[PDB]
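Dumped start.txt below, it's compact mmCIF, C-alpha atoms and all ligand atoms:
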```txt
# COMPACT_ATOMS: atom_id res chain seq x y z
CA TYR A 1 -10.08 -21.72 -1.12
CA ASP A 2 -9.53 -19.67 -4.33
CA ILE A 3 -5.70 -19.17 -4.48
CA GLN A 4 -6.09 -16.35 -7.10
CA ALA A 5 -8.95 -14.35 -5.47
CA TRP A 6 -6.54 -11.99 -3.68
CA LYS A 7 -5.69 -10.15 -6.90
CA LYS A 8 -9.16 -8.78 -7.70
CA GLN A 9 -9.70 -8.16 -3.94
CA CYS A 10 -6.51 -6.03 -3.98
CA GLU A 11 -7.61 -4.13 -7.15
CA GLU A 12 -10.94 -3.25 -5.49
CA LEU A 13 -9.18 -2.18 -2.27
CA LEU A 14 -6.78 0.00 -4.36
CA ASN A 15 -9.85 1.54 -6.09
CA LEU A 16 -11.30 2.36 -2.61
CA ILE A 17 -7.99 3.92 -1.54
CA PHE A 18 -7.78 6.05 -4.70
CA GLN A 19 -11.38 7.34 -4.00
CA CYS A 20 -10.34 8.32 -0.42
CA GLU A 21 -9.24 11.99 -0.10
CA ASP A 22 -6.54 10.89 2.38
CA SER A 23 -4.70 9.02 -0.41
CA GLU A 24 -4.01 12.22 -2.42
CA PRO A 25 -0.34 12.70 -1.30
CA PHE A 26 0.41 9.03 -1.98
CA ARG A 27 -1.18 8.45 -5.42
CA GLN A 28 2.03 9.22 -7.34
CA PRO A 29 5.77 9.21 -6.49
CA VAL A 30 6.94 11.96 -4.08
CA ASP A 31 8.00 15.01 -6.15
CA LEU A 32 11.76 15.40 -5.80
CA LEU A 33 11.62 19.05 -6.96
CA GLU A 34 9.18 19.73 -4.06
CA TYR A 35 11.26 17.68 -1.50
CA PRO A 36 14.88 17.90 -2.76
CA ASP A 37 16.40 15.94 0.13
CA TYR A 38 13.77 13.13 -0.08
CA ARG A 39 16.25 10.46 -1.28
CA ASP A 40 18.75 11.38 1.47
CA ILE A 41 16.07 10.17 4.04
CA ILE A 42 14.11 7.54 2.06
CA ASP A 43 15.88 4.58 0.43
CA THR A 44 12.91 3.09 -1.36
CA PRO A 45 10.19 5.42 -2.57
CA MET A 46 6.76 3.84 -2.97
CA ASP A 47 3.28 5.11 -3.93
CA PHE A 48 -0.16 3.67 -4.83
CA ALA A 49 0.23 4.11 -8.61
CA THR A 50 3.41 1.99 -8.52
CA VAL A 51 1.58 -0.63 -6.38
CA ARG A 52 -1.36 -0.71 -8.86
CA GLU A 53 1.03 -0.96 -11.84
CA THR A 54 3.06 -3.80 -10.22
CA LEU A 55 -0.19 -5.68 -9.56
CA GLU A 56 -1.58 -5.13 -13.09
CA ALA A 57 1.76 -6.19 -14.64
CA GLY A 58 1.45 -9.58 -12.87
CA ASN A 59 4.55 -8.78 -10.78
CA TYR A 60 3.16 -9.65 -7.31
CA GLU A 61 3.00 -13.36 -6.52
CA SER A 62 1.01 -12.87 -3.29
CA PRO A 63 -1.01 -10.26 -1.34
CA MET A 64 1.85 -10.33 1.23
CA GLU A 65 4.17 -8.75 -1.36
CA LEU A 66 1.56 -6.05 -2.16
CA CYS A 67 1.06 -5.44 1.59
CA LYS A 68 4.87 -4.99 2.08
CA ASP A 69 4.88 -2.27 -0.64
CA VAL A 70 1.79 -0.52 0.76
CA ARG A 71 3.28 -0.56 4.27
CA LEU A 72 6.47 0.98 2.79
CA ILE A 73 4.32 3.99 1.63
CA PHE A 74 3.30 4.51 5.25
CA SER A 75 6.74 3.90 6.84
CA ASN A 76 8.28 6.37 4.30
CA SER A 77 5.73 8.99 5.41
CA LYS A 78 6.59 8.31 9.07
CA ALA A 79 10.33 8.53 8.38
CA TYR A 80 10.11 11.77 6.33
CA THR A 81 7.64 13.68 8.52
CA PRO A 82 9.28 16.51 10.52
CA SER A 83 6.49 16.16 13.15
CA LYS A 84 3.91 13.55 14.19
CA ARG A 85 1.29 16.33 13.76
CA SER A 86 2.08 17.08 10.05
CA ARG A 87 -0.81 17.06 7.55
CA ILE A 88 0.55 14.36 5.24
CA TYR A 89 1.62 12.07 8.11
CA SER A 90 -1.81 12.45 9.75
CA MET A 91 -3.43 11.45 6.44
CA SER A 92 -1.09 8.42 6.22
CA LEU A 93 -2.15 7.21 9.69
CA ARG A 94 -5.87 7.24 8.77
CA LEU A 95 -5.22 5.66 5.38
CA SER A 96 -3.02 2.96 7.02
CA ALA A 97 -5.84 2.18 9.50
CA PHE A 98 -8.33 1.86 6.57
CA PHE A 99 -5.86 -0.31 4.59
CA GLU A 100 -5.03 -2.66 7.53
CA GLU A 101 -8.77 -3.06 8.31
CA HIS A 102 -9.49 -4.18 4.73
CA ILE A 103 -6.34 -6.22 3.90
CA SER A 104 -6.66 -8.54 6.93
CA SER A 105 -9.33 -10.80 5.32
CA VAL A 106 -7.47 -10.81 1.98
CA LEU A 107 -4.29 -12.12 3.67
CA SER A 108 -6.23 -14.60 5.84
CA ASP A 109 -8.19 -16.02 2.90
CA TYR A 110 -5.07 -16.35 0.73
CA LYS A 111 -3.03 -18.13 3.44
CA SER A 112 -6.02 -20.40 4.17
CA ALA A 113 -6.36 -21.21 0.43
CA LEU A 114 -2.66 -22.09 0.13
CA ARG A 115 -2.79 -24.33 3.21
CA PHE A 116 -5.81 -26.13 1.65
CA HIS A 117 -3.87 -26.50 -1.63
CA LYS A 118 -1.03 -28.29 0.20
CA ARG A 119 -3.24 -30.27 2.70
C1 LIG B 201 3.57 12.46 0.28
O1 LIG B 201 4.79 12.61 0.89
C2 LIG B 201 5.45 13.77 0.49
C3 LIG B 201 6.78 13.67 1.28
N1 LIG B 201 6.43 13.60 2.70
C4 LIG B 201 5.95 14.66 3.48
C5 LIG B 201 5.70 14.11 4.71
BR1 LIG B 201 5.00 15.03 6.21
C6 LIG B 201 6.04 12.71 4.65
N2 LIG B 201 6.50 12.41 3.38
```

This structure in structure tokens:
Amino acid sequence: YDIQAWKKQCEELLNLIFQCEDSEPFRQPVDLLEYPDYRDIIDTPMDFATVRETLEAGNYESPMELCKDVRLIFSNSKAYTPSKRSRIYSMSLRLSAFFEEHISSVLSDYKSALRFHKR
């Protein structure tokens, strides 16, 4: 029932993601010189360095907010891919599967802890 435990659990999960080769295209903002029309397609760019910085700045109140930003990395990849067989999109699908598998217990534990706090 530790209401704060999600933060370190999210830092460790972000460390795992950074070690994964599939995270390479998503570790820093999409390069607008490389993809000049990116902002015509994507309204809200997001990447794992921005997620890690928001977390370290104390600017996420819950793991749900972190999860919404991480999911935005994956939905941006899906929206910008010209094909469902592209390299970067294929990497995003595996990384999303890994992320969802690991974040489930973090979300569950946090929601359980908050319900106990207000019991
Ligand atoms: C890392 O992303 C670079 C921009 N982009 C390429 C595809 Br495919 C999807 N998004």

Kindly provide, as JSON, the centre and edge lengths (Å, one decimal) of an axis-aligned box around all atoms of ligand LIG 201 (chain B) given in the file, with 8 Å on each side.
```
{"center_x": 5.2, "center_y": 13.7, "center_z": 3.2, "size_x": 19.2, "size_y": 18.6, "size_z": 21.9}
```

Using all atoms listed in the file, I'd like a table of the residues in chain A that come within 12 Å of ligand LIG 201 (chain B); for each, show the closest atom pair and its distance in Å rounded to one decimal, ordered by chain and ascending number, as a tab-separated table.
```
residue	atom	partner	partner_atom	distance
A:22	CA	B:LIG201	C1	10.4
A:23	CA	B:LIG201	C1	9.0
A:24	CA	B:LIG201	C1	8.1
A:25	CA	B:LIG201	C1	4.2
A:26	CA	B:LIG201	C1	5.2
A:27	CA	B:LIG201	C1	8.4
A:28	CA	B:LIG201	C1	8.4
A:29	CA	B:LIG201	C1	7.8
A:30	CA	B:LIG201	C2	5.1
A:31	CA	B:LIG201	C2	7.2
A:32	CA	B:LIG201	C3	8.8
A:33	CA	B:LIG201	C3	11.0
A:34	CA	B:LIG201	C2	8.4
A:35	CA	B:LIG201	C3	6.6
A:36	CA	B:LIG201	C3	10.0
A:37	CA	B:LIG201	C3	10.0
A:38	CA	B:LIG201	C3	7.1
A:39	CA	B:LIG201	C3	10.3
A:41	CA	B:LIG201	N2	9.9
A:42	CA	B:LIG201	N2	9.1
A:45	CA	B:LIG201	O1	9.6
A:46	CA	B:LIG201	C1	9.7
A:47	CA	B:LIG201	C1	8.5
A:48	CA	B:LIG201	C1	10.8
A:72	CA	B:LIG201	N2	11.4
A:73	CA	B:LIG201	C1	8.6
A:74	CA	B:LIG201	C6	8.7
A:75	CA	B:LIG201	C6	9.1
A:76	CA	B:LIG201	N2	6.4
A:77	CA	B:LIG201	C6	3.8
A:78	CA	B:LIG201	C6	6.3
A:79	CA	B:LIG201	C6	7.1
A:80	CA	B:LIG201	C6	4.5
A:81	CA	B:LIG201	BR1	3.8
A:82	CA	B:LIG201	BR1	6.3
A:83	CA	B:LIG201	BR1	7.2
A:84	CA	B:LIG201	BR1	8.2
A:85	CA	B:LIG201	BR1	8.5
A:86	CA	B:LIG201	BR1	5.2
A:87	CA	B:LIG201	BR1	6.3
A:88	CA	B:LIG201	BR1	4.6
A:89	CA	B:LIG201	BR1	4.9
A:90	CA	B:LIG201	BR1	8.1
A:91	CA	B:LIG201	BR1	9.2
A:92	CA	B:LIG201	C6	8.5
A:93	CA	B:LIG201	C6	11.1
```

* **Shell of 12 Å around residue A:104, only C-alpha atoms, local chain residues under 3 positions omitted, as a list in words** => residues 6, 9, 10, 13, 63, 64, 67, 97, 98, 99, 100, 101, 107, 108, 109, 110 and 111 of chain A

* Nearest candidate to residue A:66 (options A:14, A:20, A:95, A:114; using only C-alpha atoms) ->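 Ranking A:14, A:20, A:95, A:114 by distance to residue A:66, first place goes to A:14.
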
* Expressed in Å to a single decimal, how great is the separation between atom CA of residue A:70 and atom CA of residue A:118? ->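 Result for atom CA of residue A:70 versus atom CA of residue A:118: 27.9 Å, one decimal.
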
* Asked: Hey, can you check how far atom CA of residue A:3 sits from atom CA of residue A:15?
  -> 21.2 Å

* Rank A:11, A:21, A:56, A:69 by their smallest atom-to-atom distance to residue A:44, using all atoms listed in the file, and report the top residue only. =>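 Smallest distance to residue A:44 is found for A:69.
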
* **Distance in Å - atom CA of residue A:59 versus atom CA of residue A:116** => 23.7 Å

* **Of the listed residues A:52, A:57, A:4, A:43, that which approaches residue A:18 most closely, counting all atoms listed in the file** =>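 Residue with the minimum atom-to-atom distance to residue A:18: A:52.
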